[PDB]
>>> print(open('my_file-v1.cif').read())   # mmCIF, C-alpha atoms
data_query
#
loop_
_atom_site.label_atom_id
_atom_site.label_comp_id
_atom_site.auth_asym_id
_atom_site.auth_seq_id
_atom_site.Cartn_x
_atom_site.Cartn_y
_atom_site.Cartn_z
CA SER I 1 -65.38 9.76 42.90
CA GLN I 2 -66.87 7.79 40.01
CA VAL I 3 -65.92 4.48 38.40
CA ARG I 4 -64.84 4.71 34.76
CA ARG I 5 -64.51 2.14 31.98
CA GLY I 6 -61.15 1.11 30.54
CA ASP I 7 -61.90 0.31 26.90
CA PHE I 8 -59.19 -0.86 24.51
CA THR I 9 -55.58 -0.13 25.48
CA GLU I 10 -53.76 -1.26 22.34
CA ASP I 11 -53.63 0.11 18.79
CA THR I 12 -50.00 0.07 17.66
CA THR I 13 -48.07 3.31 17.15
CA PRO I 14 -48.50 6.13 14.60
CA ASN I 15 -46.23 6.92 11.65
CA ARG I 16 -45.96 10.71 11.66
CA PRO I 17 -47.38 13.86 13.31
CA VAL I 18 -50.37 14.32 11.01
CA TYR I 19 -52.09 16.39 13.70
CA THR I 20 -55.31 14.56 12.81
CA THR I 21 -57.91 12.82 14.97
CA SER I 22 -56.19 9.55 14.09
CA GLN I 23 -52.74 10.76 15.13
CA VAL I 24 -53.96 12.16 18.45
CA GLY I 25 -56.06 9.07 19.12
CA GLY I 26 -53.22 6.63 18.62
CA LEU I 27 -50.84 8.81 20.62
CA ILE I 28 -53.32 8.96 23.50
CA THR I 29 -53.93 5.21 23.65
CA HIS I 30 -50.21 4.50 23.31
CA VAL I 31 -49.06 6.97 25.95
CA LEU I 32 -51.92 5.80 28.17
CA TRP I 33 -50.91 2.14 28.04
CA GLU I 34 -47.25 3.00 28.62
CA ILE I 35 -48.05 5.19 31.62
CA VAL I 36 -50.23 2.48 33.18
CA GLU I 37 -47.61 -0.25 32.77
CA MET I 38 -44.84 2.10 33.89
CA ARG I 39 -46.94 3.03 36.92
CA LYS I 40 -47.59 -0.53 38.08
CA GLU I 41 -44.05 -1.50 37.08
CA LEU I 42 -42.78 0.48 40.07
CA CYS I 43 -44.50 -2.11 42.26
CA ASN I 44 -42.76 -4.97 40.44
CA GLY I 45 -45.88 -5.26 38.30
CA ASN I 46 -48.09 -6.27 41.21
CA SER I 47 -51.80 -6.13 40.36
CA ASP I 48 -52.37 -5.70 44.09
CA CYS I 49 -50.44 -2.42 44.15
CA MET I 50 -52.57 -1.06 41.31
CA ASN I 51 -55.63 -1.54 43.52
CA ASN I 52 -53.87 -1.13 46.87
CA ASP I 53 -54.36 2.56 47.65
CA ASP I 54 -57.10 2.98 45.04
CA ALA I 55 -59.79 3.21 47.72
CA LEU I 56 -58.97 6.50 49.44
CA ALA I 57 -56.34 8.11 47.21
CA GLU I 58 -59.04 8.50 44.56
CA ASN I 59 -60.64 11.00 46.94
CA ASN I 60 -57.53 12.42 48.59
CA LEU I 61 -55.44 13.86 45.76
CA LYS I 62 -53.98 17.37 45.88
CA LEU I 63 -54.06 17.67 42.09
CA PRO I 64 -57.22 18.63 40.15
CA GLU I 65 -59.47 16.04 38.52
CA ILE I 66 -62.24 16.17 35.92
CA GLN I 67 -65.74 15.54 37.28
CA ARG I 68 -68.22 18.03 35.82
CA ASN I 69 -70.07 16.42 32.92
CA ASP I 70 -69.74 14.64 29.57
CA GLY I 71 -70.95 17.57 27.49
CA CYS I 72 -71.57 21.31 27.32
CA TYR I 73 -75.22 21.68 26.33
CA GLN I 74 -77.56 20.40 23.61
CA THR I 75 -79.49 23.68 23.51
CA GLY I 76 -80.26 26.85 25.43
CA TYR I 77 -76.72 28.20 25.24
CA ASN I 78 -76.55 28.07 29.04
CA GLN I 79 -73.21 28.38 30.84
CA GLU I 80 -71.12 29.22 27.77
CA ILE I 81 -67.35 28.73 27.62
CA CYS I 82 -67.01 24.99 28.27
CA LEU I 83 -64.00 22.67 28.25
CA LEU I 84 -60.94 24.39 29.70
CA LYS I 85 -58.26 24.29 32.40
CA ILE I 86 -56.41 21.47 30.65
CA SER I 87 -53.03 23.10 29.99
CA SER I 88 -52.34 23.30 33.72
CA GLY I 89 -53.04 19.62 34.32
CA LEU I 90 -51.02 18.43 31.33
CA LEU I 91 -48.29 20.93 32.22
CA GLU I 92 -47.91 19.67 35.79
CA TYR I 93 -48.06 15.99 34.82
CA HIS I 94 -45.53 16.58 32.04
CA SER I 95 -43.18 18.37 34.43
CA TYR I 96 -43.57 15.52 36.92
CA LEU I 97 -42.77 12.66 34.55
CA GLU I 98 -40.00 14.66 32.88
CA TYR I 99 -38.63 15.65 36.28
CA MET I 100 -38.34 12.09 37.60
CA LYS I 101 -37.36 10.88 34.13
CA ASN I 102 -33.96 12.54 34.53
CA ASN I 103 -33.40 10.54 37.72
CA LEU I 104 -34.49 7.02 36.77
CA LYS I 105 -33.12 3.61 35.82
CA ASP I 106 -32.15 2.41 32.34
CA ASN I 107 -35.58 0.98 31.55
CA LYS I 108 -37.51 3.65 33.46
CA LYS I 109 -35.59 6.32 31.54
CA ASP I 110 -36.13 4.66 28.16
CA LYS I 111 -39.90 4.53 28.69
CA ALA I 112 -39.96 7.88 30.47
CA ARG I 113 -38.58 9.60 27.37
CA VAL I 114 -41.38 8.22 25.20
CA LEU I 115 -43.97 9.21 27.80
CA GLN I 116 -42.82 12.83 27.87
CA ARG I 117 -42.65 13.02 24.07
CA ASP I 118 -46.21 11.74 23.67
CA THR I 119 -47.51 14.09 26.37
CA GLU I 120 -45.89 17.11 24.72
CA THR I 121 -47.33 15.97 21.39
CA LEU I 122 -50.95 15.76 22.51
CA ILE I 123 -50.44 18.98 24.48
CA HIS I 124 -49.10 20.82 21.43
CA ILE I 125 -51.90 19.65 19.14
CA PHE I 126 -54.64 20.28 21.71
CA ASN I 127 -53.24 23.65 22.76
CA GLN I 128 -52.81 24.65 19.12
CA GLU I 129 -56.38 23.72 18.21
CA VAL I 130 -57.88 25.55 21.19
CA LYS I 131 -55.46 28.42 20.57
CA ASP I 132 -56.68 28.93 17.00
CA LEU I 133 -60.34 28.40 17.90
CA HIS I 134 -60.41 30.34 21.18
CA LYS I 135 -58.02 32.07 23.57
CA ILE I 136 -56.11 30.80 26.60
CA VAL I 137 -53.68 31.94 29.30
CA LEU I 138 -51.50 30.33 31.97
CA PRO I 139 -49.14 31.60 34.70
CA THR I 140 -46.45 28.99 35.34
CA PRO I 141 -45.80 25.65 37.10
CA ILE I 142 -44.59 25.95 40.69
CA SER I 143 -45.05 22.36 41.86
CA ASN I 144 -41.69 21.57 40.25
CA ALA I 145 -39.93 23.78 42.79
CA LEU I 146 -41.56 22.07 45.78
CA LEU I 147 -40.69 18.63 44.42
CA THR I 148 -37.04 19.39 43.66
CA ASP I 149 -36.93 21.17 47.02
CA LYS I 150 -37.08 17.71 48.59
CA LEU I 151 -37.38 17.21 52.35
CA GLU I 152 -34.93 14.86 54.06
CA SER I 153 -34.35 11.98 51.64
CA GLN I 154 -31.72 10.32 49.44
CA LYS I 155 -32.36 6.74 48.32
CA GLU I 156 -35.38 5.60 50.34
CA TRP I 157 -38.58 3.85 49.27
CA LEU I 158 -40.85 6.76 50.20
CA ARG I 159 -40.65 8.58 46.87
CA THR I 160 -42.71 5.76 45.36
CA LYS I 161 -45.68 7.50 46.97
CA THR I 162 -45.45 10.99 45.47
CA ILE I 163 -44.45 9.43 42.14
CA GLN I 164 -47.30 6.92 42.24
CA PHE I 165 -49.69 9.77 43.02
CA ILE I 166 -48.65 12.07 40.17
CA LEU I 167 -48.53 9.07 37.83
CA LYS I 168 -51.99 7.77 38.73
CA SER I 169 -53.49 11.25 38.42
CA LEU I 170 -51.75 11.90 35.10
CA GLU I 171 -52.98 8.68 33.49
CA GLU I 172 -56.48 9.09 34.91
CA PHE I 173 -56.66 12.70 33.71
CA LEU I 174 -55.43 11.53 30.30
CA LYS I 175 -58.02 8.82 29.68
CA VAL I 176 -60.75 11.06 31.08
CA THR I 177 -59.75 14.05 28.95
CA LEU I 178 -59.76 11.85 25.85
CA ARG I 179 -63.19 10.37 26.56
CA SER I 180 -64.49 13.88 27.27
CA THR I 181 -63.23 15.36 24.00
CA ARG I 182 -64.34 12.19 22.21
CA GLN I 183 -67.82 12.31 23.74
CA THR I 184 -67.76 8.52 23.50
#
>>> encode(input="my_file-v1.cif", output="structure tokens")
Amino acid sequence: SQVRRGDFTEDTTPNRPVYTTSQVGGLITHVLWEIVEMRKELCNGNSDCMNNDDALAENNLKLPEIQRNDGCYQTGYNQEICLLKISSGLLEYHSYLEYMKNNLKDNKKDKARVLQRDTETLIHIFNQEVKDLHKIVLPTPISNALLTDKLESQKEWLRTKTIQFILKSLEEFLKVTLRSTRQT
């Protein structure tokens, strides 16, 4: 429920897991661009599809979305313990892309693999940093079960919905999370 900028979307790829601000940055921008293209690709790369259901879906998603603030506090030490509940989001999104990745086309699979890898990378670095700095705990992903559970379907064009939803949310949550941690 709030328009957000897009900023650059290209910056080549990294060279190795340095676990530095540069490594994470490049991995975020790369994975972000790939996800976006892969998302719209489902609609034959139709710019219309990208902004087709982007009028109500933005405010009708079952998954969580960031929308608190762009900072903790300059002074006063009010409402301590800021920035959290990120492992769950990244966990679900990762399980979604990786889940559908197994059942995809040649191209979709090729790109899907890279998407998952990047996600796990940023998740490992972020989780590690927050793990060393502070604590953290998480139960376990259950959405996977529901998805795999299916509900009357085989090879129809209805899955494009659920997939498009999880994809849109994932990407959005990614860019947002980055901007939040970047404070710029």
>>> resolve_selection(input="my_file-v1.cif", expression="the PyMOL selection byres ((chain I and resi 65-79) around 7)", output="number ranges by chain")
I: 63-64, 80-82, 173, 180, 183
>>> residues_around(input="my_file-v1.cif", residues="residue I:21", least_positions_apart="5", cutoff="12 Å", atoms="only C-alpha atoms", output="ChimeraX atom specification")
/I:14,26-28,122,125-126,129,178,181-182
>>> closest_residue(input="my_file-v1.cif", among="I:83, I:19, I:4, I:56", to="residue I:134", atoms="only C-alpha atoms")
I:83
>>> closest_residue(input="my_file-v1.cif", among="I:171, I:149, I:53, I:7", to="residue I:90", atoms="all atoms listed in the file")
I:171
>>> closest_atom_pairs(input="my_file-v1.cif", of="stretch 1-60 of chain I", to="stretch 92-103 of chain I", cutoff="12 Å", atoms="only C-alpha atoms", output="Markdown table")
| residue | atom | partner | partner_atom | distance |
| --- | --- | --- | --- | --- |
| I:31 | CA | I:94 | CA | 11.9 |
| I:35 | CA | I:97 | CA | 9.6 |
| I:38 | CA | I:97 | CA | 10.8 |
| I:39 | CA | I:97 | CA | 10.8 |
>>> resolve_selection(input="my_file-v1.cif", expression="the PyMOL selection byres ((chain I and resi 136) around 12)", output="VMD selection string")
chain I and resid 81 83 to 88 126 to 135 137 to 139
>>> atom_distance(input="my_file-v1.cif", atom1="atom CA of residue I:151", atom2="atom CA of residue I:52")
25.3 Å
>>> build_atoms(input="my_file-v1.cif", residues="stretch 2-24 of chain I", atoms="N, CA, C and O atoms", output="compact mmCIF listing (two decimals), in the frame of the given file")
# COMPACT_ATOMS: atom_id res chain seq x y z
N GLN I 2 -65.98 8.37 41.00
CA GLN I 2 -66.87 7.79 40.01
C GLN I 2 -66.13 6.79 39.13
O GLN I 2 -65.21 7.16 38.40
N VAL I 3 -66.55 5.53 39.19
CA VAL I 3 -65.92 4.48 38.40
C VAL I 3 -65.97 4.81 36.91
O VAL I 3 -66.95 5.38 36.42
N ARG I 4 -64.91 4.45 36.19
CA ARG I 4 -64.84 4.71 34.76
C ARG I 4 -64.36 3.48 34.01
O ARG I 4 -63.53 2.71 34.51
N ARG I 5 -64.88 3.28 32.80
CA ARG I 5 -64.51 2.14 31.98
C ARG I 5 -63.04 2.21 31.57
O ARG I 5 -62.37 3.22 31.80
N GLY I 6 -62.54 1.14 30.97
CA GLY I 6 -61.15 1.11 30.54
C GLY I 6 -61.01 1.10 29.03
O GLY I 6 -60.10 1.71 28.48
N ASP I 7 -61.92 0.40 28.36
CA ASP I 7 -61.90 0.31 26.90
C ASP I 7 -60.56 -0.24 26.42
O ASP I 7 -59.68 -0.55 27.22
N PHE I 8 -60.42 -0.35 25.10
CA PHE I 8 -59.19 -0.86 24.51
C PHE I 8 -57.97 -0.10 25.03
O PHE I 8 -58.08 1.06 25.42
N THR I 9 -56.82 -0.75 25.01
CA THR I 9 -55.58 -0.13 25.48
C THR I 9 -54.44 -0.38 24.50
O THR I 9 -53.29 -0.05 24.79
N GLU I 10 -54.76 -0.97 23.36
CA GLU I 10 -53.76 -1.26 22.34
C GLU I 10 -54.24 -0.82 20.96
O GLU I 10 -55.43 -0.90 20.65
N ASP I 11 -53.30 -0.35 20.14
CA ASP I 11 -53.63 0.11 18.79
C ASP I 11 -52.37 0.49 18.03
O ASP I 11 -52.38 1.41 17.20
N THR I 12 -51.27 -0.20 18.32
CA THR I 12 -50.00 0.07 17.66
C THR I 12 -49.63 1.54 17.78
O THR I 12 -50.30 2.32 18.46
N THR I 13 -48.54 1.93 17.11
CA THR I 13 -48.07 3.31 17.15
C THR I 13 -48.29 3.99 15.80
O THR I 13 -48.44 3.34 14.76
N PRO I 14 -48.31 5.33 15.81
CA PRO I 14 -48.50 6.13 14.60
C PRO I 14 -47.30 6.06 13.66
O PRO I 14 -46.39 5.27 13.87
N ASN I 15 -47.32 6.89 12.62
CA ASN I 15 -46.23 6.92 11.65
C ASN I 15 -45.60 8.31 11.57
O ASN I 15 -44.39 8.44 11.40
N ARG I 16 -46.43 9.33 11.71
CA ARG I 16 -45.96 10.71 11.66
C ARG I 16 -46.99 11.66 12.26
O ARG I 16 -48.18 11.37 12.34
N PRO I 17 -46.52 12.84 12.71
CA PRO I 17 -47.38 13.86 13.31
C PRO I 17 -48.31 14.51 12.29
O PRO I 17 -48.05 15.61 11.81
N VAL I 18 -49.40 13.81 11.97
CA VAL I 18 -50.37 14.32 11.01
C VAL I 18 -51.27 15.38 11.64
O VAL I 18 -51.93 16.14 10.94
N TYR I 19 -51.28 15.42 12.97
CA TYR I 19 -52.09 16.39 13.70
C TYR I 19 -53.58 16.15 13.44
O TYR I 19 -54.39 17.07 13.56
N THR I 20 -53.92 14.92 13.09
CA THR I 20 -55.31 14.56 12.81
C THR I 20 -55.90 13.74 13.95
O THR I 20 -55.18 13.25 14.83
N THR I 21 -57.22 13.58 13.94
CA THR I 21 -57.91 12.82 14.97
C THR I 21 -57.29 11.44 15.15
O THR I 21 -57.23 10.92 16.26
N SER I 22 -56.81 10.86 14.05
CA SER I 22 -56.19 9.55 14.09
C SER I 22 -54.86 9.59 14.82
O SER I 22 -54.57 8.74 15.65
N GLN I 23 -54.05 10.60 14.50
CA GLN I 23 -52.74 10.76 15.13
C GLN I 23 -52.88 10.94 16.63
O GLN I 23 -52.24 10.25 17.42
N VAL I 24 -53.73 11.88 17.04
CA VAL I 24 -53.96 12.16 18.45
C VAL I 24 -54.51 10.93 19.17
O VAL I 24 -54.09 10.60 20.27
